[PDB]
Amino acid sequence: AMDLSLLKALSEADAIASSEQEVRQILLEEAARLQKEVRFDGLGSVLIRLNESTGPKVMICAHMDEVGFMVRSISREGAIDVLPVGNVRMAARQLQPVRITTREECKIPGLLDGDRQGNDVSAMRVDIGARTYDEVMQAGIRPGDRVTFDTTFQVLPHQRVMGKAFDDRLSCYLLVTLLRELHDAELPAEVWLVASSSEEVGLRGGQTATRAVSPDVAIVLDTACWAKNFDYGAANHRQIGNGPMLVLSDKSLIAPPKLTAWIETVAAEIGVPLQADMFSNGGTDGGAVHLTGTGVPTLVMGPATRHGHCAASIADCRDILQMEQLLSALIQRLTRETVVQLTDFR
Amino acid sequence: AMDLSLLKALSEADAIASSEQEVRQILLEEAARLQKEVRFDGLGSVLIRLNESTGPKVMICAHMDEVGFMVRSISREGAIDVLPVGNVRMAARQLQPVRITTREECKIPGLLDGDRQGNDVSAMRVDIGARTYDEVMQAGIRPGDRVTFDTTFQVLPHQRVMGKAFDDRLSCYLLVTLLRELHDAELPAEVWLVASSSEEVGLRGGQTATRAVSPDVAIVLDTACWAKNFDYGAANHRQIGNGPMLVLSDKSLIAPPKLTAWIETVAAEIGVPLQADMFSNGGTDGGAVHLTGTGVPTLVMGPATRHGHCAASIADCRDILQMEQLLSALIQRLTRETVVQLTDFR
Amino acid sequence: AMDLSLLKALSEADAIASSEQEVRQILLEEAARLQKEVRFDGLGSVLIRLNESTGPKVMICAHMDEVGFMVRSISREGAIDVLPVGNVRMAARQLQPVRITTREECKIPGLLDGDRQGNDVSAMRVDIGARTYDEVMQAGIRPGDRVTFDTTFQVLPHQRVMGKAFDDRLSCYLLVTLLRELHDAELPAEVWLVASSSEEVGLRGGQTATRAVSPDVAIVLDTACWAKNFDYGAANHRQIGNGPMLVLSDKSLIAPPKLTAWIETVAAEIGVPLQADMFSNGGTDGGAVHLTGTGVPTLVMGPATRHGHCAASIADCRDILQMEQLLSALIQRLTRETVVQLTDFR
Ligand SMILES: [Zn+2]
Ligand SMILES: [Zn+2]
Ligand SMILES: [Zn+2]
Ligand SMILES: [Zn+2]
Ligand SMILES: [Zn+2]
Ligand SMILES: [Zn+2]
């Protein structure tokens, strides 16, 4: 079963690096309802201790922030200059409905447009219909205000879903349903569920949250899409409906073969199909995470999406439920001896 | 003397980020034979304690991984899509003999080819003569398999050598011969010989291994070649036969003048000529290493090579022997008072 | 069965136009062991009379030479300038392992590199690690020395093989196995097996050897590959595993319909599938051969390969065995009345 109102709430929440209160508050409400202790790092990353165990520490990590824009400047004509926060697709920077969230938490709708030069779109502005600097000031808008795509979460035919911020609200969704499923479970590992701050602008909350937790093993949840959307050939290992992705490599991390092989054997036991994927361009917080302290065995997993870093992505509900199932099964098998065996280089 | 069978074993070993077992086992055999304690970081970096001393901690660091490719995908026709691991030269991605190592450690030879567009070569595929997907599966080949240049180590005239992975197997070679020479020596410093994991893909095993060791001083061993191979002019400071290189700067590190001055005085005492070099394009272990904790006085040194990040590099045996001699002499002189003198900013 | 040691010997032999002694000696050893008469043309082409017959003269022709390079010049720095011999692929002229054979028959390994400008790669140099002119002289290297790809012959999965010079060492291989099989056979034709000199540089040994033999009919054995390697569509008629190629046309020859029809009927009788192919870009022995004297009915056949004129090609052993079988069957059926029928224009 999908909780579509939770997925709607997370998708529609407006949260960028350093202003993630809308996502944080959802997570905090879930933890408080289940009487779970919440800790924070210096950046505001949410650290939820699932349980108490003398077994190995496992961190399951998602990012709270989405790609968007930030108010930079207001012109005398009431044009709102913005800069991108994260890698917003160049093709998603022209004539796009957006909304601006002010310090008083008011939301003002607008149309974003930019100048195109070849590949690149820069000099972006948001139009709220204002004719003066003062009209914008009156709406409560200020430099630093977050700007996000103006997308309503929607259900698609055949149990697929569409909305903004699936990178990485799908994984925030998974953190919550893991918490709901496993809050009273007897587990062989101590599990920390981490929603890290500010991933889209680099590798920020990932680093600090990992240090605060100090896991023995880490699972980073992120998503990705194939550039050629309707190419269902053997080269596309990011096809929605074909099961969770197991990321073998990205620019920041090459997954450890022992951990990869173990997860594959668990997925095969429980009947979850896996897509083994490699990122040619992208980075995840997998990179910063594994390089913490003296090194953490880490891999990246997640459901595939179509499109990404734009007004809307598409995901398949079965993929999401299967990731939930695989994560739970992995957690239930992560014994001290298992994690020792997966880190023995002799 | 040169141990050519050792250099052959190291050069011909196939080891990329996260799959360095072929090099690690060679290192482990050397340490065991000399009854030396071996530790690991979380990434599998090999940490060899040479001795016990109350003097300063000295780390000598080389990397285990080589540039290569990784199996990404297998088409219905039996084409094996691969992605580069590390910066493989663009001119080394077309019609190159390679071999793939499977999870069962079988080695399947193949021909790599890529699609050239201008400077760039991408969409790389390996051909093993297969006609179907299932033929490749039957050979044991899977996504994630390491792919390396199919190069046999060879002796050249006038005591020079040619083979793959000289970056950084020449430096792994140096770690071993230092271990063989100094295993029973009385030394003013506690020496750690570190073969770090995953350097070609970033600041990876270097960072974590340095933290595990916490040295007072670090020498990072790496190699480089001059782009204009037969220009023996004054601007080429990477000429084979002209002595070990002392790297004054690279993208990731500017060596401390106090440390470089000291090394220069030791080399002049023992009659080892040095080439002072600056990297305009490249980075090293050096960058990650010196930024560890509150900062480690660090420099980069090593034998020059011709060519690099391709099927074969060329090195001069005299250069290698002189580096070995300079490393031993530095270690014998690294007293507590020396390393305090070289770190005094007052 | 395949004689892999023979194919290895032929593939690994280093032989270019005017220096084909390594292949010629292999051929001479086979003929002597079977007490067969060997003649030469003025270029050194090897002419083997299989038998004595009053029937029509049949020539079966392969070429001895491979594409490679030739030492042109040695600089004061010990760089060895080379020029290509034959059409070496442009994508096979950069960072390629090679070896140089001197007049004393020593083999010095090296790395070839070239200067790319657009499509073209020129100003090729070989590096043997030398630092001076005199170092190269001391190694025995001189202008005129042959330079070949440094490729070891290798077995691939599913009974396929990989090595250099498959163009045209696969066909030299076929000459030898035909000689071994048919040395004592009673035949309706007088068969001449010809390994011609210097094909890669023009219409060279083909022309002169044909004149020395004056055949009534000629089969020229050569190989080709399809530019788009993994396109197994209907337009690729050079797929390994799909049977020997019958060349309907190339730049230098349009095969006689009467001859191609006959061969097609023989192949269908014995169950050998054929791929009918047309060269849009290439020429062969076929062109020079058919224009000899008052004209010789001639066609080109051979096993397909993948890749060509580079460090390594791939071939399918079944294709090679089927060509051997088709050649033997053609020879056994080539009666005086057959070859008169196939040349009657009235
Ligand atoms: Zn993202
Ligand atoms: Zn993400
Ligand atoms: Zn390198
Ligand atoms: Zn290196
Ligand atoms: Zn040819
Ligand atoms: Zn040919």
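Look a little higher up for the structure.
The numbering scheme restarts from 1 for each chain and tracks the written sequence of that chain rather than necessarily the entry's numbering. Residues without coordinates are not displayed. Think of it this way: whatever chain is written first is A, whatever ligand is written first is 1, and the rest follow in order. Chains on display form part of a larger assembly; values are given for the displayed part and nothing beyond it. Neither water nor hydrogens contribute to the side-chain values; these are computed over all heavy atoms in the structure.

*Asks:* Outline the coordination of the zinc ion (ligand 4), supporting the account with residue identities and numerical values.
*Replies:* Residues and elements named next belong to chain B. Each metal's donors are the N, O and S atoms found within 2.8 Å of it, except that Na, K and Ca use a 3.2 Å limit; water is left out, so coordination can look incomplete. Coordination of the zinc ion (ligand 4) by the protein is provided by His63 (NE2), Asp167 (OD), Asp222 (OD) and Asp222 (OD), with metal-donor distances spanning 2.0 to 2.8 Å. Between 85 and 135 degrees for all angles marks four donors as tetrahedral; over 155 degrees for opposite donors together with 65 to 115 for all other angles marks four donors as square planar and six as octahedral; every other arrangement is irregular. Of note is the zinc ion (ligand 4), whose four donor atoms meet at the metal with angles of 51 to 137° in an arrangement that counts as irregular. Summarised as a motif, the one-chain spacing of the donors to the zinc ion (ligand 4) is H-x103-D-x54-D. The metal-metal distance between the zinc ion (ligand 4) and the zinc ion (ligand 3) is 3.5 Å, with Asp167 serving as a donor to both. One end of the pair, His63, is in strand β3 (residues 57-63); the other, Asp167, is in helix α4 (residues 166-182), with 104 residues separating them in the sequence. Classification of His63 as buried rests on a relative accessible area of 1%. Think of it in three bands: with a 1.4 Å probe and only protein chains considered, a residue is buried below 20% of the maximum accessible area for its type, exposed above 50%, and partly exposed in between. The buried category is assigned to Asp167, whose relative accessible area is 15%. Helix and strand assignments come from DSSP, with helices taken as H or I runs of at least 4 residues and strands as E runs of at least 2, each series counted from the N terminus.

*Asks:* Go over the interface of chain B and chain C, please, and point to the residues and values.
*Replies:* Throughout, a contact is declared for two residues whenever any of their heavy atoms are within 4.5 Å. Counting residues at the interface gives 49 residues for chain B and 49 residues for chain C. Summed over both sides, the interface between chain B and chain C buries roughly 3900 Å², with carbon and sulfur atoms accounting for 56% of that surface. A pair is scored as a salt bridge if a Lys or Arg side-chain nitrogen falls within 4 Å of a carboxyl oxygen belonging to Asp or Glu. Counting across the chain B and chain C interface gives four salt bridges. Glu135(B) is paired through a salt bridge with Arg160(C); the nearest N and O atoms lie 2.8 Å apart. In the analysis that follows, any N or O atom pair within 3.5 Å is treated as a polar contact, provided that within protein one partner can donate a hydrogen and the other can accept it, and provided that, for residues neighboring in sequence, both atoms belong to side chains. In this structure, the connection of chain B to chain C is made through 28 residue pairs in polar contact. Accessible surface is computed with a 1.4 Å probe, and the buried area is the amount of it that two parts give up when combined, taken over both parts together.

*Asks:* Describe the sheet that holds strand β16 (residues 298-302) of chain B, with residues and values.
*Replies:* Residue and element names in this part refer to chain B. With mixed pairing, eight strands are arranged side by side in an open sheet as β1-β2-β12-β3-β13-β16-β14-β15. The open sheet terminates on both sides in strands that have one partner only, identified here as β1 (38-40) and β15 (275-278). Between one strand and the next, the sheet's axes are offset by a mean angle of 30°, whatever the strand orientation. A pair of strands counts as paired when DSSP detects no fewer than two bridges linking them. The pairing of β3 with strand β12 (residues 190-196) spans seven bridges and is classified as parallel. Bridged to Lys57 within β12 is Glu190. All axes here are fitted lines through C-alpha atoms, helices being fitted over the stretch that makes contact, and every angle between N-to-C directions spans 0 to 180 degrees. Those strands touched by helix α2 (residues 21-33) are β1, β2 (46-49) and β12, and its axis lies near 150° from that of β1. Against the sheet, helix α6 (residues 257-270) engages β13 (217-221), β14 (245-249) and β16, with an angle of about 40° to β16.

*Asks:* Report on the coordination of the zinc ion (ligand 1), specifying residues and quantitative values.
*Replies:* Residues and elements named next belong to chain A. Protein coordination at the zinc ion (ligand 1) comes from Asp167 (OD), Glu200 (OE), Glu200 (OE) and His309 (NE2), with a distance range of 2.0 to 2.6 Å. Its four donor atoms give the zinc ion (ligand 1) angles of 54 to 167° at the centre, a pattern that matches the irregular case. Here the zinc ion (ligand 2) and the zinc ion (ligand 1) are spaced 3.4 Å from one another, each receiving a donor from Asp167. Residue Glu200 is found in the loop between β12 (190-196) and α5 (205-213), and its partner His309 is found in the loop between β16 (298-302) and β17 (313-316); the two are separated by 109 residues along the sequence. Accessibility expressed as a relative area gives 21% for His309, which makes it partly exposed.

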